[PDB]
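Enquirer:
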Amino acid sequence: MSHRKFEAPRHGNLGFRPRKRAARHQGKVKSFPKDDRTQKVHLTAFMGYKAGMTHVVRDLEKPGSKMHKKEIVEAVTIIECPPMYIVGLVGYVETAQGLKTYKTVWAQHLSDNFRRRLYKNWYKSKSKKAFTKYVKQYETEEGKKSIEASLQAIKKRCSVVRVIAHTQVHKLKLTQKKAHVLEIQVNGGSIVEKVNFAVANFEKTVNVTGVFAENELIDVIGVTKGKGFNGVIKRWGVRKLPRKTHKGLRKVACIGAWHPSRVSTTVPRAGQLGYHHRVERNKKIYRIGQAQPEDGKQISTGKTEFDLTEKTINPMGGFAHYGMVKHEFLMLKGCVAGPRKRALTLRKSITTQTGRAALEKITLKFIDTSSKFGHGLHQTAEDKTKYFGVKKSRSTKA
Amino acid sequence: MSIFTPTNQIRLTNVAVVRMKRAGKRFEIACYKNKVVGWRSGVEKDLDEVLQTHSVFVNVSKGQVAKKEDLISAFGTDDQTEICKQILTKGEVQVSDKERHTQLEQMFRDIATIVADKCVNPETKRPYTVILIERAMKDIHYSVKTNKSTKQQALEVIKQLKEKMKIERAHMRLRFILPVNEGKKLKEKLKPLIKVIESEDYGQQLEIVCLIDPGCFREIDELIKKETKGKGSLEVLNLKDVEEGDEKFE
Amino acid sequence: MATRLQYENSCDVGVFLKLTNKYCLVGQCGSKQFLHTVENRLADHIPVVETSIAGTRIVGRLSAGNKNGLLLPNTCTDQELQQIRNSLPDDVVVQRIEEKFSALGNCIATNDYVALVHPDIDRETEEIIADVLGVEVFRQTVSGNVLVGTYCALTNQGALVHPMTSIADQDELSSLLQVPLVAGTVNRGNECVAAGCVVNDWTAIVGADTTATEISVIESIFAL
Amino acid sequence: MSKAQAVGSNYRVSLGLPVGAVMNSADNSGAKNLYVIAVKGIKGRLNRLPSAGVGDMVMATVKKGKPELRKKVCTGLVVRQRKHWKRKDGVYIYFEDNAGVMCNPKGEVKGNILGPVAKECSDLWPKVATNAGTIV
Amino acid sequence: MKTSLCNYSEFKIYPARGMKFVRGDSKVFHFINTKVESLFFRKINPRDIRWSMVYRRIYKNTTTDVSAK
RNA sequence: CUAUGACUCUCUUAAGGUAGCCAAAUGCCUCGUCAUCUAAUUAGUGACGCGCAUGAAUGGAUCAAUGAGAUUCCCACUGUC
RNA sequence: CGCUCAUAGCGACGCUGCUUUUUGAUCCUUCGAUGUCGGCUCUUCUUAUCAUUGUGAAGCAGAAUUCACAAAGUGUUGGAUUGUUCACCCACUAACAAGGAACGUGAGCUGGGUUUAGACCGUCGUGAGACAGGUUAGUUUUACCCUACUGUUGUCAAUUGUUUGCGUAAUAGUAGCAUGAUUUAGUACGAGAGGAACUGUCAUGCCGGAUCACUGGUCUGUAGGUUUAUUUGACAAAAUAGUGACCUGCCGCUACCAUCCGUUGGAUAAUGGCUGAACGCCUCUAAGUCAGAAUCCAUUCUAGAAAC
């Protein structure tokens, strides 16, 4: 007890410090990309759903490495991105004390997009049911004028407009049919220009292919996978205390000095682990594709022979009865927040990056599939096991 | 049982200790490391300065003071100050904690000094580093002494390695070839460093000098000419060896 | 003649470059100055591949060959092989050998009429090699060593051995190969001859540390 | 020292031999064992053992061999390890035993290397590559 | 590299999976699973093991065609 | 030969440490010195011993077998790391 | 002293300060009780900056080193010996800087020592006993209270009529740091020995945040097999052996034991300059102004206010 350290190199980062459960399950932040890009090529964000992972072999193309052109096995996360319905436009004007919401225009062309809007988007005791409660124009002509006026207002005023968009979760295999709604801020052009584009897109959908490219980087945002109340060892990564075991073990020994008669806001302590927002930036993307259903039968996982035999990117048995990709998906490079069926919002990079691995084009070879539930490549696997037959089962065939 | 504080069991003072044993009783005193030596040299500094404490000890490490009963049984007096003086004068120096460390260092120092004075590598007369010399002296084995002089010990050391190896116990002579313009500076470095002889200076021709220096000094000489001049310097042996140094036996 | 090059400031350039009677293999692991300079000095005729073998920096002493055949290891990639095939015009058998118990470069030194080996290599593999290169392979090793492509650097007109080799052994080698030998060693810090240099009947790429005297000797032996 | 490799340094190859790891000398020298004292290029942490994957330069001492080499800290190279590692290829390689070789401080193996040498090591140290029988 | 045979059995080792193991005798082996590694370690012949494709090969079940797709 | 001090003289207080043993569970100085054991050893062991303040039933020295006694080392084993 | 040369760097004989990381001095608090030492663990703070950033001096040619400023943003190790802080060595390293927080941290631990009773030795003592000498063995109690902190509900008892949706963003926190290799280049520099730099490229250490497609660990999936002892008459199939043991093992969880990812603007300091006086000249400074730090503030990232 002389001092005598020097150091203890700080456990955990304090730029995530409150370490509690996230409020928004989707992911959301104050930040989008900066304004004045190009009008509708920049719609700025989208919302996927993570549908497992696979590995994927590809040819590297960096110079100066051990071998420039050689096969490497990079993992790859696969996220379904069913087309997003735009269903509203929100004027949103700068002020001294922030950017308050000015006026909101909703689409009167389809009311069924609000009958998509079910629960967690409407709780007057709702539960896999919409009782039909949406407040819009039922005045035919008078109401129309109001809408127009509103639109004009949000063109006039020094704004940056955003479009209320939502996902098609009813389309997915998932048990929820309550559509996740996220604003995606429109960039590019004049305010007026933006608004008129937004208005156009009301009745229509937008695809992930329209927003993002297949080689450009993406910032993936979503709440992290839940581990519950965890101890200071798993939560912060402090050393276990000594001994076969003494009167604690999984603890920070000391939580402070005497003279500050309080204990620090900054000192590891067992509370919750893993359900907080975070934003993993610079994910390369490989494919933004769609398999057999639409987008050709040849290009389902790459054309046959070279680029491997033709098949869905679904592994055998789908993605571990935690999904099966059937709407346009998006192969982000290795690992993003959350489990195997969590709504990840995706944002374009806050700054558009032009370094290594942003401008590097990349062409896959093998997107491979499950051999602990089979032997890979589908029908072949089935064939192979057939020959083997069964001695061990829960049936000896006496 | 458990106390709120330590029992306190330290009386260890780190100043120098001068020991004198008489009448079957060891007597010590607290003095400083430098001052004892000074006293024995004959240089005065009063008894106030040389003595750190003016009371006689049995053990300075233990911090056990000598009683009057004991003091009078040995020296024939109970006055402590007087006794201290006596201890300082006739007694021998004893190593405290600090002094033990110094002792360890001392041996290293002696070997470094005594061995590196005069030697050259076998085959021809060339300079060479101290480490090699040390190794050589270890191979044949040598035990340094603080009771003998360093100079005296040097001779002894060389004696061993004159029998074993081919070595140079005397000086050598050099011959440098200096330019007229750039050499003056060089000369002024060399002149107070070592003895200059056969100094032939010319304007139309290059300047020529000859030195008298030990076998290990050649390297030192040659090196300082090159960096000061900023060109190469011609080193030639006037003689491979010459009398005096440790060959005259000082 | 002898030309001093260095691969990323390494004096052992015989392992990163293969010189043969015809054709030349060059390694690439971010060594930009080396790739261009080896094109400027071969015979303004012998092509280069600029291709890694087994994804590895070593190429010069991972492969062995002449003009009638080329040997590659079992671990060599198919893509890589394809490139090699493309780069070598049709007058040579580019065969991936099925020998995994030893390397196809450190354990094989060869010229256009004879070769040297491990005295350990499997029989079948040896036979295959013989078939490929179209040369008499016979089992002999330099003294104190079982590797030959490490400690011997053969050409048609000349050959080297490491400096610890006994005279009798050298004589034997001469008798066998029908090639004049010499005990000179490139660099002079390294025992290996194959490390510091690969050689050819017209040219010779050599290590940076190699002495002026040393290069003369090597030049003489090959008759450059 | 040197290192001159290759051009990065790999493409790391996993902790396998911490310090106090005894391994086979796999080289024509007096050494049979090589006790690993420390590994070159290990900036610390705070109670973390320096470790050597493959092609790590390792300050070592001969625990068992001939006494001309023993009781002497000396430079060596880990040439293959039992702890598996992922390559570019995708495949995980591991070897039958932990093993090193003897070398200069610059990475010059003077003997010839016995047993497999591991591709990573070959890629790294040129001399090692030269003296390998099998790199596979 | 591209698809390879197992060297214990005759399974398809796709380039993202399995384990390579190098012996001191300078021989190498893929291993589709740890299951087969264990067997190898034990010295249980694959000609015993009915799960293996070499068994199927030598007792004629037409398993060589599915190993080359 | 001034080291060593047998020898001699005297005093205290009767005699003045013999054989052995030792930085020993007895040594302040002390982490003594030398060898060995380690990459590195205030540790360990074997030597040396003007031994602060060992030593002969206040028992000295030795020592097989034995030891929930103390210490050091190597092998094996090991989530001790 | 430093060949020359007081102040590149040192600096006598002197003198003036500061600090409380030494040990004393004192006895103010505490003796109806503030658990002493060291270590482990963890956090924060200090600067008297070891490294890294930007700079300026040099006896700074080059490389290397030393001296100083702005800077505490980020790092500052593994070990042998010892209870030891301290010490000393070995090895790594960009560096392995010094410090504080009741000599930080015993209802956090350990208890190695100090520090009770047993015991041994040495010296002392007639003796009981002593020793601030050595040795060996020797109980570490209580949180469920309050606050503090970590997370979790819940009231904003008008959440501004109710329930709800999509947002805002005050305030607080905030993260990336560092290295090696190579190109530059055997070029600059140098008599040679030796031997750079900017940019670019590729990898790595430490840190951080995620994840589980791979590989490895785990296995109550008591999933399948094997097998021991017993029990159900045998077979069969079960049971018991607190999961009988063993082999394989998905789902899951998890590991620098695997994988992915970690931004860019403005404003300053040091300093270097500009225009330019006071002081006809001069001068980076007085008015004014330019570049510019791992700095700062935003951007980004985390939370989301009795705030909208």
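So the protein lines, in turn, are chains A, J, I, E and G.
Just so we're aligned: the first sequence equals residues 1 to 398 in the authors' numbering.
Just so we're aligned: the second sequence equals residues 1 to 250 in the authors' numbering.
Just so we're aligned: the third sequence equals residues 1 to 224 in the authors' numbering.
Just so we're aligned: the fourth sequence equals residues 1 to 136 in the authors' numbering.
Just so we're aligned: the fifth sequence equals residues 1 to 69 in the authors' numbering.
Each residue gets a CB set at the ideal place from its N, CA and C atoms; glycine is no exception.
Return the bridge partner residues of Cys197 (chain I) from the DSSP annotation.
Expert: The partner list for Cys197 (chain I) (beta bridge, DSSP) reads I:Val206.
Enquirer: Considering just the uninterrupted stretch of the alpha helix (DSSP H) at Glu280 (chain A), what are its terminal residues?
Expert: Here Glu280 (chain A) belongs to no alpha helix (DSSP H); instead the beta strand (DSSP E) covers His277 to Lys283.
Enquirer: Do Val223 (chain A) and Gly338 (chain A) have their CB atoms nearer than 8 Å?
Expert: For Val223 (chain A) and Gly338 (chain A), yes; Cβs fall inside 8 Å.
Enquirer: Whether or not the segment 120 to 134 of chain E and the segment 6 to 23 of chain I are in contact is what I'm after, with contact meaning three or more pairs of Cβ atoms, one per stretch, closer than 8 Å; do they touch?
Expert: Verdict: yes, contact present.
Enquirer: Would you say residue 400 (chain A) faces chain I, with C-beta separation under 8 Å as the test?
Expert: Residue 400 (chain A) lies beyond the stretch modelled for chain A, which goes from 1 to 398, so this question has no answer here.
Enquirer: How would you label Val263 (chain A), buried or exposed, when you count the other beta carbons within 10 angstroms and need 16 or more for buried?
Expert: Result: exposed.
Enquirer: Indicate whether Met172 (chain J) and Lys90 (chain J) have their beta-carbon atoms separated by less than 8 Å.
Expert: Not a contact, by the Cβ cut-off of 8 Å.
Enquirer: For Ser38 (chain G), count neighbouring C-beta atoms within 10 Å of its own C-beta (all shown protein chains included) and say buried if the count is 16 or more, exposed if not.
Expert: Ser38 (chain G) comes out exposed.
Enquirer: Can the beta-carbon of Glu216 (chain A) be found less than 8 Å from the beta-carbon of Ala358 (chain A)?
Expert: Taking 8 Å as the Cβ cut-off, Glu216 (chain A) and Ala358 (chain A) qualify as a contacting pair.
Enquirer: If I measure Cβ to Cβ from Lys226 (chain J) and keep anything under 6 Å in the same chain, skipping five residues before and after, which residues do I get?
Expert: Result list for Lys226 (chain J): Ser233, in chain order.
Enquirer: Mind checking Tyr134 (chain A): buried by the 16 CB within 10 Å criterion, or exposed?
Expert: The residue in question, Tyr134 (chain A), is exposed, as its Cβ has fewer than 16 Cβ neighbours within 10 Å.
Enquirer: Residues in the segment 366 to 378 of chain A with C-beta within 8 Å of chain G's C-beta atoms, listed in sequence order?
Expert: Flagged, chain order: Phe366, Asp368, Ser371, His375, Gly376 and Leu377.
Enquirer: May I ask you to report which of helix, strand or coil DSSP gives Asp25 (chain G)?
Expert: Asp25 (chain G) falls in the coil class under three-state DSSP.
Enquirer: Quick check on the DSSP output: the alpha helix (DSSP H) that includes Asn40 (chain I) runs from which residue to which?
Expert: Looking at the DSSP string, the run of the alpha helix (DSSP H) that includes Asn40 (chain I) is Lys32 to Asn40.
Enquirer: What are the residues in the segment 80 to 104 of chain I lying within 9 Å of chain G by C-beta distance?
Expert: Flagged, chain order: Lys100, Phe101 and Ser102.
Enquirer: In three-state DSSP terms, what is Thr34 (chain G)?
Expert: Reduced to three states, the DSSP call for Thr34 (chain G) is helix.
Enquirer: May I have the straight-line CA-CA distance separating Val56 (chain A) from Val279 (chain A), to the nearest angstrom?
Expert: Cα to Cα, the separation comes out at about 23 Å.
Enquirer: In this structure, how does DSSP classify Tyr113 (chain I) when only helix, strand and coil are distinguished?
Expert: In the structure shown, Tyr113 (chain I) sits in coil (DSSP, three-state: anything other than H, G, I, E or B).
Enquirer: Using the beta-carbon count (16 or more within 10 Å), is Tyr138 (chain A) buried or exposed?
Expert: Exposed: under 16 other Cβ atoms inside 10 Å.
Enquirer: Applying the criterion that 16 or more other CB atoms from any shown protein chain within 10 Å of the CB defines a buried residue, is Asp48 (chain J) buried or exposed?
Expert: So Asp48 (chain J) ends up on the exposed side.
Enquirer: With distance defined between alpha-carbon atoms, name the residue in J:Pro6, J:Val93 and J:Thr5 nearest to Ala30 (chain J).
Expert: Nearest C-alpha to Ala30 (chain J): J:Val93.
Enquirer: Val36 (chain G) CB to nearest chain I CB: under 8 Å?
Expert: False, the Cβ-Cβ gap to chain I never drops below 8 Å.
Enquirer: For a contact meaning CB atoms closer than 9 Å, what does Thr77 (chain I) contact in chain A?
Expert: Near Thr77 (chain I) (Cβ distances below 9 Å), the residues of chain A are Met67, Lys70 and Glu71.
Enquirer: Classify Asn86 (chain I) as helix, strand or coil using the three-state DSSP reduction.
Expert: Of the three classes helix, strand and coil, the one that applies to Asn86 (chain I) here is helix, per DSSP.
Enquirer: If you draw a straight line from the C-alpha of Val90 (chain A) to the C-alpha of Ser190 (chain A), how long is it?
Expert: If you take the alpha carbons of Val90 (chain A) and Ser190 (chain A), they lie about 15 Å apart.
Enquirer: Measuring alpha carbon to alpha carbon, tell me which of I:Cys29, I:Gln33 and I:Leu104 ends up nearest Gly65 (chain I).
Expert: Looking at the Cα atoms, I:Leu104 is the closest of the given residues.
Enquirer: Please classify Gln153 (chain J): is it buried, with 16 or more other beta-carbons within 10 angstroms of its beta-carbon, or exposed?
Expert: Result: buried.
Enquirer: Would you list, in chain order, the members of the segment 21 to 36 of chain I that have their beta-carbon closer than 8 Å to a beta-carbon of chain A?
Expert: Listed in sequence order: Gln28, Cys29 and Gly30.
Enquirer: Is DSSP giving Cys31 (chain J) helix, strand or coil here?
Expert: Note: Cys31 (chain J) maps to strand in three-state DSSP.
Enquirer: Hey, how far is the Cα of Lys234 (chain A) from the Cα of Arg17 (chain A)?
Expert: Rounded to the nearest angstrom, the two C-alpha atoms are 15 Å apart.
Enquirer: CB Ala159 (chain I) to CB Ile221 (chain I), shorter than 8 Å?
Expert: In this structure, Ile221 (chain I) lies closer than 8 Å to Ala159 (chain I) by Cβ.
Enquirer: With C-beta atoms as the reference, is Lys18 (chain I) less than 8 Å away from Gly60 (chain I)?
Expert: A contact, by the Cβ cut-off of 8 Å.
Enquirer: When the Cα atoms are used, what is the spatial distance from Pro47 (chain I) to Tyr128 (chain J)?
Expert: Approximately 54 Å, taken between the alpha carbons.
Enquirer: Is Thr5 (chain J) near the ligand NAP, in the sense that its beta carbon is under 7 Å from a heavy atom of that ligand?
Expert: The ligand NAP is not part of the structure shown, which contains no ligands of any sort.
Enquirer: If you reduce the DSSP assignment to three classes, tell me which class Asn156 (chain I) lands in.
Expert: Here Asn156 (chain I) sits in coil by DSSP.
Enquirer: Give every residue of the same chain whose Cβ lies closer than 7 Å to the Cβ of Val160 (chain A), excluding the five residues on either side of it in the sequence, and list them in chain order.
Expert: Within the same chain, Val160 (chain A) has close Cβ partners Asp35, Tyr92 and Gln185.
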